[PDB]
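K.L.:
Structure provided below as structure tokens; questions to follow.
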Amino acid sequence: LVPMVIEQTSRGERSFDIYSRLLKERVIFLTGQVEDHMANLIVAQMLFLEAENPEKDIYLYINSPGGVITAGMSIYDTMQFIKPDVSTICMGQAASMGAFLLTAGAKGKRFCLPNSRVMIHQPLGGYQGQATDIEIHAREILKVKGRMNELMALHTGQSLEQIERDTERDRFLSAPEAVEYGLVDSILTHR
Amino acid sequence: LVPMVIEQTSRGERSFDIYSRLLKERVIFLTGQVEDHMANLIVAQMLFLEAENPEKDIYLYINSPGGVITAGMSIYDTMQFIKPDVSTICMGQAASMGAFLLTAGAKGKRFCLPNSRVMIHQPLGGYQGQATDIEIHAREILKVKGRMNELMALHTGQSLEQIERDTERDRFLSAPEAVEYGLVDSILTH
Amino acid sequence: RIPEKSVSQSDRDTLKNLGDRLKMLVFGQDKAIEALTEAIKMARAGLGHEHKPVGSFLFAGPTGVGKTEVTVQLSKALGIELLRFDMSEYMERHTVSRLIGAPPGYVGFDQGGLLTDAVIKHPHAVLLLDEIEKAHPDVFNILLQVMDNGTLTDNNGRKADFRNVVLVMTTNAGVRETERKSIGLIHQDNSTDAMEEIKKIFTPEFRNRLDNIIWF
Amino acid sequence: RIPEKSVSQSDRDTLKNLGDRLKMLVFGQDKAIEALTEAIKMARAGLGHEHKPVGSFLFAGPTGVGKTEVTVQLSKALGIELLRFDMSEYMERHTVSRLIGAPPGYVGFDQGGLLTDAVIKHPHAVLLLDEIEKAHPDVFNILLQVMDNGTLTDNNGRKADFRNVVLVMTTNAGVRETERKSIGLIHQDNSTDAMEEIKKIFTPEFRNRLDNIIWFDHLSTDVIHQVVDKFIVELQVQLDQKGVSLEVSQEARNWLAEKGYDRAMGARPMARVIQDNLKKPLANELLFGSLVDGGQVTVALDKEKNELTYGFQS
Ligand SMILES: Nc1ncnc2c1ncn2[C@@H]1O[C@H](COP(=O)(O)OP(=O)(O)OP(O)(O)=S)[C@@H](O)[C@H]1O
Ligand SMILES: Nc1ncnc2c1ncn2[C@@H]1O[C@H](COP(=O)(O)OP(=O)(O)OP(O)(O)=S)[C@@H](O)[C@H]1O
Ligand SMILES: [Mg+2]
């Protein structure tokens, strides 16, 4: 059940849900596994807010355990194409795709909470198929893997070798460690 | 199904769920297995009520049975960041994350019921995989576990060594005994 | 049958002392008084609009913070009547007929109109349309011609021309957004949201006609 | 009370110079002046419609583009009465009785009709219906016979003559659609929705008996410079009555134009800056000070300060 909230205007008061009312203030809420339908909804909220006020800055709350890489590309491409500067704030944890979208945020506005968590792991490509099919499919993950490392490298600024060395296995980064590594610029300052 | 209560507004009365009508009264019902969606929903309610009144506190009735620490930690981070404190009224089962979240409440405003029980235990995750992967999971899980014990000990003020010894194994603390331990200020007056 | 102060242009002592007299009566609104006094001075200096009103002012700010005190005191200082209309009553679609008057063949035709009759009886006066935001959009449309042309044709056909009156409209649209802080973890800059909210509530045609939007 | 046939030499000069005069008063919007002037020429020439008005034009454009100024000035140039009927008042169907009069046996029958009486009193005049869109859709039906048959019957049965009347209706219906920002990666097309709105707002029959639908374009930066000059001329006329004189540097005019230039609000903001920047300082001096008599005001701007530098030497 989504809680209902009330707003006020000269004409009267309208009833809206918690997410919509908060979305009226340019605050998006990303939650749960990344699905194609989920990503379609997130990008839709960005395009709507872009027209409403381009000068203002969106706030994409990235609290998810990750998912399909393809879905995230739509969110990542949308986050850049729009004129506003998306601010990514982690709340509880950052997964592989969550981390990539976290670093993709506009430099100078990325923030994280003191007890936030982060994680980056190599994509999983375990499947059974024909010998010929396996080679074609396997070639694709290498390009995406290298592509993913290059994109985060540009935002993070670390050399490609640094990303390759760290991504060799699963790695977790705490909130203070995140700023040191360069995933985000600073911790969330008191309001 | 939920009730339909007719609140009184100047323009006209508007039906609302029991959760929404009580949300107007700064009540945030927390219940069920800790989930990212559930945790995300609870923090959204608190942020909306902060605009209504910064000085007034935001009530919080917690009946969570425990769950993923990362999902639950989201509420803890936002709670400290928000200007209005949260009255953590624990009226039911308080698991590790639930009790941990309950302890997060500001001093002088927490509450607990004597009938209820509050237990604190270390999180347990049966991760399986390669030996190298297990070592990595062991590092981060112990690190976050230490972080939970250090932040929890900070608010109560008791020595960290004492809290670590109590959390080494599963244990339950009676609600009146919790007052002496420092988990809560005192039980409800009446 | 008026105080004779307005007819005498040479009596400029009141205008120079208008700010001082108004400032003692109202405290904390010196900026509003300065804008109001300067506007009347140009109107009395021969720089007034040929067909538009003396001045259209939208009083936007908090409720009770010196908005209607300047209007009542101004009328006494300028020796003109005070026309106060409550817009809360005029919130329905058909309420507009009360002010302009009902057309021929309908009930209320004999009544010339609450607004049209008052301006005709008192060409020099202060029109206080308090709670303008509450007013129906139809009422806003009527005001467009008032600022642009200066005359409201009545049911009887008499042109209710009032170019000497000073129009003041009290609203609380801006005070709402500024008082309420943003939502979400990171705070947001809402310095300009008040003006944007006013833009949404009031049609551009209405806002363009206004001389200035006073702030309290 | 209509223009005589076999137009005289004096009247001829006015018709050829009408376009030039209107353009000077209202800069830009050349198409609007061309439609009004050409229609009047044909009527005087004897090629006008036998039973229709001189011209029925719908001026749809952004705010402050001079939709009503071109009509008010036209009446002044031709020395004909301006029958300006505000359509904001006629927002409901019941208001139709005011224009044509109440039927027999009902209150207000004696009062008559404003539109019928006005046209009868002034056969040759410019009928300006401002904010036509804001009026009830049913009110537009009354104009159908006027645009096609040229006659509107009154409650008493009197028929008005609209053959010499210039019907001009101003609306800002399409302004909202054009100004609204589209949503999507690729910017959507513009200027198409504005025409669609008029089609929705007005029935096909209404748009089928209209001589033309002139679209008023947004004022350009160059046009705004001329607008500032026009406002300064009005201020100079007011000051001349008091004997005061005003001179503004060319640099100051350009600076003031940029300060108040607004595409959405058109030319009206220019008056506001003129009032605040020029009228307000002069107001204090005009009442008490050097400007009381003699004037000889000189105004310029300082590049470093970026503020106006007024001068008063009586
Ligand atoms: N800022 C102020 N300065 C001086 N007197 C004030 C001020 N605000 C309120 N008052 C007094 O409030 C009295 C009561 O008048 P009200 O109409 O209730 O309030 P108001 O502020 O004049 O107008 P509104 O309509 O309430 S905003 C007036 O007679 C004033 O003397
Ligand atoms: N094209 C223009 N050229 C010169 N002055 C203009 C022009 N358009 C507007 N103005 C100035 O602005 C004043 C007011 O313009 P309006 O006649 O109210 O414009 P409008 O677009 O017809 O308004 P509506 O009908 O309210 S949308 C005129 O009297 C001029 O001083
Ligand atoms: Mg107009």
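As given, the protein sequences belong to chains H, N, E and D, one line each in that order.
Under the authors' numbering, think of the first position of the first sequence as 2, with each following residue one higher.
Under the authors' numbering, think of the first position of the second sequence as 2, with each following residue one higher.
Under the authors' numbering, think of the first position of the third sequence as 435, with each following residue one higher.
Under the authors' numbering, think of the first position of the fourth sequence as 435, with each following residue one higher.
Ideal Cβ placement from N, Cα and C applies to all residues, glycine included.
(1) Considering just the uninterrupted stretch of the alpha helix (DSSP H) at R478/D, what are its terminal residues?
(2) DSSP three-state call for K737/D: helix, strand or coil?
(3) Quick check on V560/D: does DSSP put it in helix, strand or coil?
(4) Say whether the region 128–143 of chain H touches the region 103–118 of chain H, bearing in mind that this needs 3 or more beta-carbon pairs closer than 8 Å, one atom from each stretch.
(5) When you compare the region 526–539 of chain E with the region 542–552 of chain D, are there three or more beta-carbon pairs, one atom per stretch, that lie closer than 8 Å?
(6) Please write down, chain order preserved, every residue whose beta carbon lies under 7 Å from a heavy atom of ligand 3.
(7) Which residues bound the alpha helix (DSSP H) around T157/H?
(8) I want to check one thing, is the minimum distance from the CB of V671/D to the heavy atoms of ligand 1 below 6 Å?
(9) From the DSSP output, which residues share a beta bridge with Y695/D?
(10) Near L644/D, which residues of its chain fall below 8 Å by C-beta distance, leaving aside the five closest residues on each side in sequence?
(11) What residues are listed by DSSP as bridge partners for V6/N?
(12) Using the Cα positions of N150/H and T157/H, report the straight-line distance between them to the nearest angstrom.
(13) Residues of chain E with CB under 7 Å from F665/D, in chain order?
(14) DSSP state of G542/E, grouped into three classes?
(15) My output table needs one value for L189/H: the three-state DSSP class, helix, strand or coil.
(16) Using the Cβ count rule (16 or more neighbours within 10 Å means buried), how would you classify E631/E?
(17) Could you name the residues that DSSP lists as bridge partners for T605/D?
(18) Would you kindly check if the distance between the Cβ of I83/H and the Cβ of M47/H is under 7 Å?
(19) Distance check for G73/N and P124/N, CA to CA, integer angstroms please.
(20) Please list the residues of the region 617–645 of chain E that have a C-beta atom closer than 8 Å to any C-beta atom in chain N, keeping them in chain order.
(21) Are there three or more Cβ pairs, one per stretch, closer than 8 Å when the region 21–30 of chain H is compared with the region 7–25 of chain N?
(22) Using CA atoms only, rank isn't needed, just tell me which of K633/E, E523/E, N642/E and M476/E is closest to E719/D.
(23) Cutting at 8 Å between CB atoms, please list the residues of its own chain near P66/H, excluding the five before and the five after it.
(24) Between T585/E, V506/E, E611/E and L619/E, which lies nearest to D564/E when the distance is taken from Cα to Cα?
(25) Which bits of chain H does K84/N rub up against, with CB to CB less than 8 Å?
(26) Measuring alpha carbon to alpha carbon, tell me which of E141/N, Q163/N, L152/N and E136/N ends up nearest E178/H.
(27) Give, in chain order, every residue of the region 11–40 of chain H whose Cβ lies closer than 9 Å to some Cβ of chain E.
(28) From what residue to what residue does the beta strand (DSSP E) around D520/E run?
(29) By the 10 Å Cβ neighbour count, where 16 or more other Cβ atoms means buried, how is residue 415/D classified, buried or exposed?
(30) Would you list, in sequence order, the uninterrupted alpha helix (DSSP H) runs of no fewer than 4 residues that lie entirely inside the region 618–655 of chain D?
(31) Which residue from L103/H, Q81/H, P85/H and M80/H puts its Cα closest to that of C91/H?
(32) Between the alpha carbons of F101/N and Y62/H, how many angstroms are there, rounded?
(33) Does DSSP classify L23/N as helix, strand or coil?
(34) Between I43/N and the rest of its own chain, which residues show a CB-CB distance below 8 Å, the 5 nearest in sequence each way excluded?
(35) Mind checking if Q123/N is an interface residue toward chain H, Cβ cutoff 7 Å exclusive?
(36) Give me the DSSP bridge partner(s) of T587/D.
P.N.:
On the basis of the data shown:
(1) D464 to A479
(2) coil
(3) Three-state DSSP puts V560/D in a strand.
(4) no
(5) yes
(6) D582/E, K501/D, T502/D, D564/D and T604/D
(7) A132 to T157
(8) no
(9) Looking at the DSSP assignment, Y695/D forms no beta bridge with any residue, so it has no partner.
(10) The beta carbon of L644/D sits closer than 8 Å to the beta carbons of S490, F491, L492 and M581 from its chain, once the five residues preceding and following it are set aside; these are given in chain order.
(11) Answer is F17/N.
(12) It is roughly 10 Å from the alpha-carbon of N150/H to the alpha-carbon of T157/H.
(13) Within chain E, no residue has its beta carbon less than 7 Å from that of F665/D; the closest one is some 11 Å off.
(14) coil
(15) coil
(16) buried
(17) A494/D
(18) yes
(19) 12 Å
(20) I617, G618 and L619
(21) no
(22) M476/E
(23) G33, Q34, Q94, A96 and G99
(24) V506/E
(25) For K84/N, the C-beta contacts it makes with chain H under 8 Å involve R192, in order along the chain.
(26) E141/N
(27) For the region 11–40 of chain H, the set of positions with a beta-carbon nearer than 9 Å to some beta-carbon of chain E reads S11, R12, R22, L23, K25, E26, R27 and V28 in chain order.
(28) Residues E515 to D520.
(29) Any question about residue 415/D goes unanswered here, given that chain D covers just 435 to 748.
(30) 627–635 and 638–642
(31) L103/H
(32) If I take the Cα positions, the gap works out to 23 Å.
(33) helix
(34) In its chain, beyond the 5 residues on either side, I29, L31 and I76 have a beta carbon closer than 8 Å to the beta carbon of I43/N.
(35) no
(36) Looking at the DSSP assignment, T587/D forms a beta bridge with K593/D.
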